[PDB]
Amino acid sequence: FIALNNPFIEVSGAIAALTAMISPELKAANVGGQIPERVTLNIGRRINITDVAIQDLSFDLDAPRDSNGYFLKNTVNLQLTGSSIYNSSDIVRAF
Amino acid sequence: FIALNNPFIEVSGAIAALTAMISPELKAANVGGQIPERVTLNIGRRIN
Amino acid sequence: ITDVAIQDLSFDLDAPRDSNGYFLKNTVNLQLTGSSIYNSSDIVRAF
Amino acid sequence: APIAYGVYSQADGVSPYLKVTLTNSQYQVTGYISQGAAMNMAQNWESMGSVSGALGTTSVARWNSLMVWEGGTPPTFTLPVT
Amino acid sequence: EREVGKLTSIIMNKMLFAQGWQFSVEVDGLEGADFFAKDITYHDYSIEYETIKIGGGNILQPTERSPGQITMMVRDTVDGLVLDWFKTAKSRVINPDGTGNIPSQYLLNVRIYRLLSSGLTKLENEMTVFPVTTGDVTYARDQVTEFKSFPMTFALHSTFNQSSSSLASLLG
Amino acid sequence: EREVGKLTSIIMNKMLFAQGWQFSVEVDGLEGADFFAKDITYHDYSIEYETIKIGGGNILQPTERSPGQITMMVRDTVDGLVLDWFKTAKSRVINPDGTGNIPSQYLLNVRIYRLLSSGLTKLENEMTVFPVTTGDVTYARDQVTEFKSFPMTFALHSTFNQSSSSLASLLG
Amino acid sequence: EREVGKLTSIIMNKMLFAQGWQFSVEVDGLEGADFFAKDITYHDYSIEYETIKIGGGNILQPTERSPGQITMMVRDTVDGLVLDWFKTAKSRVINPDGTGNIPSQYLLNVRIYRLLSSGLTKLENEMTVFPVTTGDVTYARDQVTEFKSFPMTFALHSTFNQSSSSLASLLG
């Protein structure tokens with residue numbers, strides 16, 4: 001991510017959003033709402049996979065800063081995995 | 001792979017084809033069809 | 001972040017020294033960890 | 001009241017946005033940030049798929065096949081202060 | 001034969017090739033850059049390729065368009081205005097404390113012109129750049145017969161958007 | 001046309017471009033640096049960027065302001081004073097034993113001026129520097145018609161605080 | 001104005017800048033080095049620093065003082081004495097077998113002098129060095145109008161103790 005107009009909604013907000021998406025929610029009433037939720041991955045416009053689970057995440061802390069203290073650039077490393085083994089006919093549809 | 005005339009047939013279809021060849025078929029009725037299919041490899045024209 | 005635990009530390013012993021024997025520069029490598037599994041709503045507050 | 005140490009003063013001219021502070025009931029330490037800091041978090045999901053099956057009551061079977069959530073890890077840091 | 005030479009001379013004389021003194025440059029913050037400017041070198045983008053080895057042959061494929069730069073060598077008056085302008089422009093890119101500003105504040109536009117006959121101009125290129133730095137200045141004692149000079153070098157921001165800038169830059 | 005040339009000449013005559021012998025330098029402890037000085041070369045900061053590759057295009061983002069350096073080439077008298085001053089200044093940075101002193105002791109200030117008409121001066125830049133080194137001296141046998149010379153090179157301490165120094169340096 | 005020029009001429013004429021032929025060198029083992037010597041270049045120590053990156057700025061800190069070297073280009077007579085002296089001095093540093101001697105045996109002292117008016121001298125520097133090597137010698141056939149020459153280069157032992165040597169060296 002690199003900021004051009006508003007650093008908070010571009011660089012300093014996306015990191016918090018990812019950090020929230022990776023975590024569970026243990027105060028929910030139902031059992032299924034406590035598990036970390038799953039996301040939909042769409043690489044460009046041509047590869048789309050559903051029910052993707054986020055496993056790892058990382059980012060640096062020596063990025064350039066704005067006069068107000070928000071990042072002007074950052075980089076996040078992610079590892080993602082599927083939730084089931086795919087059949088030969090199903091995996092072709094993903095492309 | 002590198003495209004020269006039609007990118008879909010040459011570069012973007014080959015990857016989908018390989019991803020199809022690697023995976024099994026678990027909705028099949030018989031037992032032999034549930035294991036991923038085997039392939040014939042030919043390296044150039046002299047090793048089969 | 002509150003309630004962090006320090007689990008490793010290191011520093012150099014070949015740093016520049018003063019005429020009285022004190023360091024003029026050094027560097028410390030630290031490894032830190034939280035003390036509980038954060039919830040989705042809690043972790044956003046840290047930012 | 002804790003005891004101060006490090007580069008806490010403002011005589012050097014660097015913004016407080018470029019410093020770290022560690023505070024407890026006894027000591028307060030301030031330092032800079034070097035070139036190799038990062039923040040990491042991780043979660044555990046469970047490798048081998050399975051076989052002798054596939055399936056055309058039905059819903060429960062698939063739920064077992066789906067990856068399971070096992071546990072997590074609190075955030076960790078690697079900070080080279082200076 | 002000489003007939004071919006005569007025909008070539010006839011065709012060559014009619015068409016007037018451009019000479020080397022027809023350039024003109026306008027900068028946003030100098031209002032007088034044309035008089036002070038002496039030299040300028042610029043290139044906008046360059047295609048970068050990758051070589052792929054297949055057997056006993058090679059095939060290339062373009063990948064990128066690398067950014068460019070602009071540098072100029074300006075003369076200066078007594079009680080220098082150009083040096084002060086460059087200093088002020090350089091200062092905005094990064095605050096002395098160690099913080100950086102948003103892109104809209106420090107960017108500027110540079111325009112390169114071509115001179116037609118009878119004092120008419122056309123636009124060659126437009127680029128958005130940030131001041132980068134100035135190389136080095138000497139100020140020797142024996143330079144009795146020479147004027148002051150120093151180079152100013154800029155760098156383009158992004159290849160996606162060369163000329164067009166945000167609303168903040170346009171409206172001030 | 002010639003009218004345009006005449007107008008440009010009229011414009012050019014009125015404005016006086018600065019010549020190369022208008023520099024002036026003062027060093028803290030020399031007291032006579034201006035007479036001995038021959039050349040300078042200073043650049044204060046330079047802005048550094050990072051190139052980020054996105055698909056088939058590039059975008060840059062400034063990161064730093066790197067420090068600079070000052071060098072000068074002084075003539076010397078019989079029974080050298082400038083040379084002894086340089087050795088004394090160098091010796092204070094690091095003690096012969098192998099221990100270093102606090103920054104307040106060895107730092108020094110250099111001012112570079114601009115000479116207006118009728119002998120009036122204005123400040124161009126001010127920097128805090130430490131003596132670093134002097135490269136090489138030759139003292140050849142056959143240099144019958146040349147004066148002695150040697151270069152002195154300094155390095156800027158910190159970009160955060162270029163000119164202002166601690167109270168200890170100011171009050172002695 | 002011309003009055004400033006007259007004052008500058010008056011002040012400049014009085015002070016006599018040192019010329020380039022006033023050097024003098026004494027070596028421990030030549031007893032005639034002054035006549036044979038032609039060139040010499042020397043630097044004693046140089047401060048080395050480290051750049052530390054903090055955010056968007058840089059701060060330096062001195063760390064070391066690197067050693068120096070001395071090299072000289074001497075003429076030689078027929079039945080060379082200088083070459084034999086350099087060969088003998090070089091041989092002591094390492095025995096032909098492959099063993100090294102203790103430092104006291106091969107070290108030597110070199111002194112650089114400055115020439116005052118009326119044939120008086122002062123000491124510029126004193127260094128303790130070991131012979132290192134000589135670069136290369138040509139001995140061409142067509143050099144009918146040139147004398148023989150070869151360079152001798154020394155290296156300083158330790159920055160802690162530049163001039164003072166052990167008792168064995170002093171008393172022989």
# chains A, B, ... in the order shown; residues from 1 in each chain; ligands from 1

$ closest_atom_pairs --of "chain G" --to "chain F" --cutoff "9 Å" --atoms "only C-alpha atoms" --output "Markdown table"
| residue | atom | partner | partner_atom | distance |
| --- | --- | --- | --- | --- |
| G:1 | CA | F:118 | CA | 7.5 |
| G:4 | CA | F:119 | CA | 8.9 |
| G:12 | CA | F:35 | CA | 8.0 |
| G:15 | CA | F:77 | CA | 7.7 |
| G:16 | CA | F:77 | CA | 6.2 |
| G:17 | CA | F:77 | CA | 4.1 |
| G:18 | CA | F:77 | CA | 4.5 |
| G:19 | CA | F:147 | CA | 4.3 |
| G:20 | CA | F:148 | CA | 5.1 |
| G:21 | CA | F:141 | CA | 5.5 |
| G:22 | CA | F:139 | CA | 7.5 |
| G:23 | CA | F:139 | CA | 6.1 |
| G:37 | CA | F:141 | CA | 8.1 |
| G:38 | CA | F:141 | CA | 5.3 |
| G:39 | CA | F:140 | CA | 4.9 |
| G:40 | CA | F:138 | CA | 5.6 |
| G:41 | CA | F:138 | CA | 4.9 |
| G:42 | CA | F:136 | CA | 6.0 |
| G:43 | CA | F:136 | CA | 5.9 |
| G:45 | CA | F:133 | CA | 7.4 |
| G:46 | CA | F:133 | CA | 4.9 |
| G:47 | CA | F:132 | CA | 5.1 |
| G:48 | CA | F:132 | CA | 7.3 |
| G:49 | CA | F:132 | CA | 8.6 |
| G:53 | CA | F:64 | CA | 8.9 |
| G:55 | CA | F:64 | CA | 7.9 |
| G:56 | CA | F:64 | CA | 4.7 |
| G:57 | CA | F:64 | CA | 5.9 |
| G:58 | CA | F:159 | CA | 6.1 |
| G:59 | CA | F:158 | CA | 4.6 |
| G:60 | CA | F:157 | CA | 5.7 |
| G:61 | CA | F:157 | CA | 7.8 |
| G:62 | CA | F:93 | CA | 7.5 |
| G:63 | CA | F:94 | CA | 7.9 |
| G:64 | CA | F:94 | CA | 7.5 |
| G:65 | CA | F:94 | CA | 7.5 |
| G:114 | CA | F:79 | CA | 7.4 |
| G:115 | CA | F:78 | CA | 7.5 |
| G:116 | CA | F:78 | CA | 6.1 |
| G:117 | CA | F:78 | CA | 8.0 |
| G:122 | CA | F:79 | CA | 7.8 |
| G:124 | CA | F:84 | CA | 9.0 |
| G:159 | CA | F:96 | CA | 7.3 |
| G:160 | CA | F:96 | CA | 5.5 |
| G:161 | CA | F:96 | CA | 8.0 |

$ write_last_selection --atoms "N, CA and C atoms" --output "tab-separated table (two decimals), in the first residue's frame"
chain	number	residue	atom	x	y	z
G	1	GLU	N	35.61	48.38	-5.22
G	1	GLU	CA	36.39	49.56	-5.56
G	1	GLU	C	37.88	49.27	-5.52
G	4	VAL	N	39.82	48.93	-1.79
G	4	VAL	CA	39.84	47.59	-1.20
G	4	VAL	C	40.94	46.75	-1.84
G	12	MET	N	48.51	41.36	1.62
G	12	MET	CA	48.99	40.12	1.04
G	12	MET	C	50.50	40.13	0.85
G	15	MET	N	52.86	39.16	4.12
G	15	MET	CA	52.94	37.78	4.59
G	15	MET	C	53.47	36.88	3.48
G	16	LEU	N	54.50	36.10	3.80
G	16	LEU	CA	55.20	35.26	2.83
G	16	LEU	C	54.67	33.84	2.92
G	17	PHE	N	53.92	33.42	1.91
G	17	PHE	CA	53.42	32.06	1.87
G	17	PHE	C	54.55	31.09	1.56
G	18	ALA	N	54.48	29.90	2.15
G	18	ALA	CA	55.52	28.90	1.95
G	18	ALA	C	55.49	28.34	0.54
G	19	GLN	N	56.67	28.11	-0.02
G	19	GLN	CA	56.81	27.56	-1.36
G	19	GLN	C	57.00	26.04	-1.28
G	20	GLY	N	57.01	25.40	-2.44
G	20	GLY	CA	56.98	23.95	-2.52
G	20	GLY	C	58.30	23.22	-2.44
G	21	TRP	N	59.42	23.91	-2.28
G	21	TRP	CA	60.73	23.28	-2.26
G	21	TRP	C	61.37	23.28	-0.87
G	22	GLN	N	60.58	23.48	0.18
G	22	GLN	CA	61.10	23.66	1.52
G	22	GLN	C	61.08	22.38	2.36
G	23	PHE	N	60.76	21.24	1.76
G	23	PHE	CA	60.71	20.01	2.54
G	23	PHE	C	62.12	19.45	2.76
G	37	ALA	N	66.56	12.00	-2.27
G	37	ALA	CA	65.11	12.07	-2.29
G	37	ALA	C	64.61	13.07	-3.32
G	38	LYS	N	63.49	12.74	-3.95
G	38	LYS	CA	62.85	13.63	-4.91
G	38	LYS	C	61.40	13.94	-4.59
G	39	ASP	N	60.60	12.95	-4.18
G	39	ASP	CA	59.20	13.13	-3.85
G	39	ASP	C	58.92	12.40	-2.54
G	40	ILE	N	57.83	12.79	-1.87
G	40	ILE	CA	57.37	12.10	-0.67
G	40	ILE	C	55.91	12.47	-0.41
G	41	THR	N	55.09	11.47	-0.09
G	41	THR	CA	53.70	11.72	0.27
G	41	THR	C	53.38	10.95	1.54
G	42	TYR	N	52.67	11.59	2.47
G	42	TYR	CA	52.43	11.04	3.79
G	42	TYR	C	51.09	11.52	4.33
G	43	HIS	N	50.40	10.64	5.04
G	43	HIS	CA	49.27	11.01	5.89
G	43	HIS	C	49.30	10.09	7.10
G	45	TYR	N	46.95	9.77	10.18
G	45	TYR	CA	45.75	9.05	10.58
G	45	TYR	C	44.53	9.73	9.97
G	46	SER	N	43.44	8.98	9.89
G	46	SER	CA	42.19	9.48	9.33
G	46	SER	C	41.03	8.96	10.16
G	47	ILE	N	40.14	9.86	10.58
G	47	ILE	CA	39.01	9.47	11.40
G	47	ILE	C	37.96	8.79	10.54
G	48	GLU	N	37.48	7.63	11.01
G	48	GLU	CA	36.45	6.87	10.33
G	48	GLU	C	35.18	6.87	11.16
G	49	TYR	N	34.04	7.04	10.49
G	49	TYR	CA	32.76	7.22	11.15
G	49	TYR	C	31.75	6.19	10.66
G	53	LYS	N	20.95	5.37	10.88
G	53	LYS	CA	19.69	5.81	10.30
G	53	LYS	C	18.62	5.84	11.39
G	55	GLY	N	14.72	7.06	11.48
G	55	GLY	CA	13.56	7.60	10.79
G	55	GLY	C	13.93	8.14	9.43
G	56	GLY	N	13.72	9.43	9.23
G	56	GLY	CA	14.06	10.08	7.98
G	56	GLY	C	15.30	10.94	8.08
G	57	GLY	N	16.17	10.64	9.03
G	57	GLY	CA	17.38	11.41	9.21
G	57	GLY	C	18.61	10.56	9.47
G	58	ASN	N	19.78	11.18	9.52
G	58	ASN	CA	21.04	10.48	9.71
G	58	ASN	C	21.90	11.20	10.74
G	59	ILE	N	22.54	10.42	11.61
G	59	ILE	CA	23.49	10.91	12.59
G	59	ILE	C	24.75	10.06	12.52
G	60	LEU	N	25.91	10.71	12.54
G	60	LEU	CA	27.19	10.02	12.45
G	60	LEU	C	27.88	10.00	13.80
G	61	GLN	N	28.78	9.04	13.98
G	61	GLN	CA	29.62	8.95	15.17
G	61	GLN	C	31.00	8.43	14.80
G	62	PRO	N	32.06	9.12	15.20
G	62	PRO	CA	33.41	8.64	14.90
G	62	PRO	C	33.72	7.34	15.63
G	63	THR	N	34.47	6.46	14.96
G	63	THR	CA	34.83	5.17	15.53
G	63	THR	C	36.33	4.94	15.61
G	64	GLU	N	37.08	5.21	14.54
G	64	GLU	CA	38.46	4.75	14.44
G	64	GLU	C	39.37	5.89	14.01
G	65	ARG	N	40.67	5.58	13.96
G	65	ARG	CA	41.68	6.40	13.30
G	65	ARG	C	42.56	5.44	12.50
G	114	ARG	N	60.35	20.92	8.00
G	114	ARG	CA	59.98	22.13	7.30
G	114	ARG	C	61.16	23.08	7.32
G	115	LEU	N	61.32	23.85	6.25
G	115	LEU	CA	62.44	24.77	6.12
G	115	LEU	C	61.98	26.18	6.44
G	116	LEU	N	62.53	26.76	7.49
G	116	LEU	CA	62.36	28.18	7.74
G	116	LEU	C	63.35	28.96	6.89
G	117	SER	N	63.22	30.28	6.91
G	117	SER	CA	64.19	31.12	6.24
G	117	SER	C	65.53	31.06	6.97
G	122	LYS	N	62.24	22.87	11.39
G	122	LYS	CA	61.33	22.42	12.44
G	122	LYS	C	60.74	21.08	12.04
G	124	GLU	N	57.94	18.40	11.38
G	124	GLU	CA	56.52	18.33	11.04
G	124	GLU	C	55.88	17.08	11.63
G	159	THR	N	48.72	2.94	15.61
G	159	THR	CA	48.24	4.30	15.83
G	159	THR	C	48.38	4.73	17.28
G	160	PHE	N	48.45	3.78	18.21
G	160	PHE	CA	48.61	4.13	19.62
G	160	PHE	C	49.94	4.82	19.88
G	161	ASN	N	51.02	4.31	19.29
G	161	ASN	CA	52.37	4.82	19.52
G	161	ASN	C	52.98	5.18	18.17

$ interface_residues --of "chain C" --to "chain D" --cutoff "7 Å" --atoms "only C-alpha atoms" --output "PyMOL selection string"
chain C and resi 26-38

$ interface_residues --of "chain D" --to "chain F" --cutoff "12 Å" --atoms "only C-alpha atoms" --output "VMD selection string"
chain D and resid 10 to 15

$ write_last_selection --atoms "C-alpha atoms" --output "compact mmCIF listing (two decimals), in the first residue's frame"
# COMPACT_ATOMS: atom_id res chain seq x y z
CA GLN D 10 13.98 16.73 23.07
CA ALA D 11 17.41 18.36 22.70
CA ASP D 12 18.32 16.18 19.69
CA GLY D 13 15.45 17.38 17.50
CA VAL D 14 13.79 14.09 16.53
CA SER D 15 10.02 13.73 16.65

$ closest_atom_pairs --of "chain A" --to "chain B" --cutoff "12 Å" --atoms "only C-alpha atoms" --output "tab-separated table"
residue	atom	partner	partner_atom	distance
A:46	CA	B:12	CA	10.0
A:47	CA	B:16	CA	10.6
A:85	CA	B:23	CA	8.7
A:86	CA	B:23	CA	7.0
A:87	CA	B:25	CA	5.1
A:88	CA	B:23	CA	5.0
A:89	CA	B:20	CA	7.1
A:90	CA	B:20	CA	8.7
A:91	CA	B:20	CA	6.6
A:92	CA	B:16	CA	5.9
A:93	CA	B:16	CA	9.0
A:94	CA	B:16	CA	8.9
A:95	CA	B:16	CA	6.9

$ write_last_selection --atoms "N, CA, C and O atoms" --output "short mmCIF file (atom, residue, chain, number, x, y, z; two decimals), in the first residue's frame"
data_model
loop_
_atom_site.label_atom_id
_atom_site.label_comp_id
_atom_site.auth_asym_id
_atom_site.auth_seq_id
_atom_site.Cartn_x
_atom_site.Cartn_y
_atom_site.Cartn_z
N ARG A 46 -9.42 -12.42 -12.44
CA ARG A 46 -9.57 -13.69 -13.13
C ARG A 46 -9.41 -14.92 -12.25
O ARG A 46 -9.72 -16.02 -12.72
N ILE A 47 -8.93 -14.79 -11.02
CA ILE A 47 -8.82 -15.92 -10.11
C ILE A 47 -9.62 -15.59 -8.86
O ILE A 47 -9.29 -14.63 -8.15
N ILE A 85 -10.18 -29.95 0.06
CA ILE A 85 -9.50 -30.48 -1.12
C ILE A 85 -10.43 -30.36 -2.32
O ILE A 85 -11.62 -30.70 -2.25
N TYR A 86 -9.90 -29.86 -3.43
CA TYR A 86 -10.71 -29.58 -4.60
C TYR A 86 -10.72 -30.76 -5.57
O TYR A 86 -9.75 -31.51 -5.68
N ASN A 87 -11.84 -30.93 -6.26
CA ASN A 87 -11.96 -31.94 -7.30
C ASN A 87 -11.45 -31.38 -8.62
O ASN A 87 -11.26 -30.17 -8.78
N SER A 88 -11.24 -32.26 -9.60
CA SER A 88 -10.68 -31.83 -10.88
C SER A 88 -11.64 -30.90 -11.61
O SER A 88 -11.20 -29.96 -12.28
N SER A 89 -12.94 -31.16 -11.52
CA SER A 89 -13.91 -30.32 -12.21
C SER A 89 -14.10 -28.98 -11.53
O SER A 89 -14.39 -27.98 -12.20
N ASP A 90 -13.97 -28.93 -10.20
CA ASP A 90 -14.22 -27.69 -9.47
C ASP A 90 -13.07 -26.70 -9.61
O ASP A 90 -13.31 -25.49 -9.67
N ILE A 91 -11.83 -27.18 -9.65
CA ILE A 91 -10.70 -26.27 -9.62
C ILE A 91 -10.57 -25.51 -10.93
O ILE A 91 -10.00 -24.41 -10.96
N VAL A 92 -11.09 -26.05 -12.03
CA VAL A 92 -11.07 -25.32 -13.29
C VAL A 92 -11.96 -24.09 -13.23
O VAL A 92 -11.64 -23.06 -13.83
N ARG A 93 -13.09 -24.17 -12.52
CA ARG A 93 -14.00 -23.04 -12.41
C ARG A 93 -13.35 -21.85 -11.73
O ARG A 93 -13.74 -20.70 -11.98
N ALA A 94 -12.37 -22.09 -10.85
CA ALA A 94 -11.77 -21.00 -10.09
C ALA A 94 -11.06 -20.01 -10.98
O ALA A 94 -10.88 -18.84 -10.60
N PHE A 95 -10.64 -20.43 -12.17
CA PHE A 95 -9.93 -19.55 -13.09
C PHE A 95 -10.92 -18.76 -13.95
O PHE A 95 -10.79 -18.72 -15.17
#

$ closest_atom_pairs --of "chain C" --to "chain F" --cutoff "9 Å" --atoms "only C-alpha atoms" --output "tab-separated table"
residue	atom	partner	partner_atom	distance
C:16	CA	F:100	CA	6.9
C:17	CA	F:99	CA	5.5
C:18	CA	F:100	CA	5.1
C:19	CA	F:99	CA	5.4
C:20	CA	F:99	CA	8.6
C:21	CA	F:99	CA	7.9
C:24	CA	F:102	CA	7.7

$ atom_distance --atom1 "CA of residue 25 (chain G)" --atom2 "CA of residue 164 (chain G)"
18.0 Å

$ select_by_dssp --residues "chain C" --states "strand (DSSP E or B)" --output "JSON list (two decimals) with C-alpha atoms, in the first residue's frame"
[["chain", "number", "residue", "atom", "x", "y", "z"],
["C", 5, "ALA", "CA", 6.59, -9.84, 28.33],
["C", 6, "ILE", "CA", 10.26, -9.60, 27.37],
["C", 7, "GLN", "CA", 11.65, -12.97, 26.31],
["C", 8, "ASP", "CA", 15.10, -12.21, 24.86],
["C", 9, "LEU", "CA", 17.76, -9.50, 24.93],
["C", 10, "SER", "CA", 21.19, -8.86, 23.44],
["C", 11, "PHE", "CA", 23.71, -6.06, 22.99],
["C", 17, "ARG", "CA", 33.83, 4.14, 24.89],
["C", 18, "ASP", "CA", 34.26, 7.41, 26.76],
["C", 23, "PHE", "CA", 29.40, 3.80, 26.14],
["C", 28, "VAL", "CA", 19.81, -3.71, 21.87],
["C", 29, "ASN", "CA", 17.86, -6.49, 20.15],
["C", 30, "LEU", "CA", 14.60, -7.28, 21.93],
["C", 31, "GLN", "CA", 11.90, -9.91, 21.50],
["C", 32, "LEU", "CA", 8.48, -9.07, 22.94],
["C", 33, "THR", "CA", 5.12, -10.83, 23.17]]

$ residues_around --residues "residue 47 (chain D)" --least-positions-apart "3" --cutoff "12 Å" --atoms "only C-alpha atoms" --output "list in words"
residues 81, 82, 83, 84 and 85 of chain A; 50, 67 and 68 of chain D

$ select_by_dssp --residues "chain A" --states "helix (DSSP H, G or I)" --output "ChimeraX atom specification"
/A:7-12,14-21,88-93

$ interface_residues --of "chain B" --to "chain E" --cutoff "12 Å" --atoms "only C-alpha atoms" --output "MDAnalysis selection string"
chainID B and resid 1:4 44

$ residues_around --residues "residue 80 (chain A)" --least-positions-apart "4" --cutoff "6 Å" --atoms "only C-alpha atoms" --output "number ranges by chain"
A: 53-55

$ write_last_selection --atoms "N, CA, C and O atoms" --output "PDB file, in the first residue's frame"
ATOM      1  N   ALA A  53      -8.952 -19.079   4.400  1.00  0.00           N
ATOM      2  CA  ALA A  53      -8.592 -18.845   5.790  1.00  0.00           C
ATOM      3  C   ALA A  53      -7.221 -18.193   5.876  1.00  0.00           C
ATOM      4  O   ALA A  53      -6.263 -18.659   5.252  1.00  0.00           O
ATOM      5  N   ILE A  54      -7.128 -17.119   6.654  1.00  0.00           N
ATOM      6  CA  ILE A  54      -5.866 -16.408   6.839  1.00  0.00           C
ATOM      7  C   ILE A  54      -5.079 -17.100   7.943  1.00  0.00           C
ATOM      8  O   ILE A  54      -5.610 -17.361   9.027  1.00  0.00           O
ATOM      9  N   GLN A  55      -3.811 -17.401   7.671  1.00  0.00           N
ATOM     10  CA  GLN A  55      -2.979 -18.145   8.603  1.00  0.00           C
ATOM     11  C   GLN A  55      -1.882 -17.315   9.247  1.00  0.00           C
ATOM     12  O   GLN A  55      -1.730 -17.368  10.467  1.00  0.00           O
TER      13      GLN A  55
END

$ interface_residues --of "chain A" --to "chain D" --cutoff "12 Å" --atoms "only C-alpha atoms" --output "PyMOL selection string"
chain A and resi 15+18-24+32+34-38+51-71+74-87

$ residues_around --residues "residue 25 (chain D)" --least-positions-apart "5" --cutoff "10 Å" --atoms "only C-alpha atoms" --output "ChimeraX atom specification"
/D:1-3

$ write_last_selection --atoms "N, CA and C atoms" --output "compact mmCIF listing (two decimals), in the first residue's frame"
# COMPACT_ATOMS: atom_id res chain seq x y z
N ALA D 1 6.74 7.12 41.26
CA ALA D 1 7.25 7.72 40.03
C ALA D 1 8.44 6.94 39.49
N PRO D 2 8.38 6.57 38.21
CA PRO D 2 9.48 5.80 37.61
C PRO D 2 10.69 6.69 37.35
N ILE D 3 11.79 6.03 36.99
CA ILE D 3 13.05 6.70 36.70
C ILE D 3 13.28 6.69 35.19

$ atom_distance --atom1 "CA of residue 11 (chain F)" --atom2 "CA of residue 127 (chain E)"
29.1 Å

$ interface_residues --of "chain D" --to "chain B" --cutoff "7 Å" --atoms "only C-alpha atoms" --output "count of residues only"
4

$ closest_atom_pairs --of "chain C" --to "chain A" --cutoff "6 Å" --atoms "only C-alpha atoms" --output "CSV"
residue,atom,partner,partner_atom,distance
C:39,CA,A:25,CA,4.9
C:40,CA,A:20,CA,4.9
C:44,CA,A:16,CA,5.9

$ write_last_selection --atoms "N, CA, C and O atoms" --output "short mmCIF file (atom, residue, chain, number, x, y, z; two decimals), in the first residue's frame"
data_model
loop_
_atom_site.label_atom_id
_atom_site.label_comp_id
_atom_site.auth_asym_id
_atom_site.auth_seq_id
_atom_site.Cartn_x
_atom_site.Cartn_y
_atom_site.Cartn_z
N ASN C 39 -9.08 -10.48 20.89
CA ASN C 39 -10.31 -10.61 20.14
C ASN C 39 -10.31 -9.64 18.96
O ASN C 39 -9.47 -8.75 18.86
N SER C 40 -11.26 -9.83 18.04
CA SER C 40 -11.32 -8.99 16.86
C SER C 40 -11.56 -7.53 17.21
O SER C 40 -10.97 -6.63 16.61
N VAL C 44 -8.22 -3.91 17.36
CA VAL C 44 -8.33 -2.64 16.66
C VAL C 44 -8.05 -1.46 17.58
O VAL C 44 -7.47 -0.46 17.14
#

$ closest_residue --among "A:30, A:49, A:14, A:5" --to "chain E" --atoms "only C-alpha atoms"
A:5
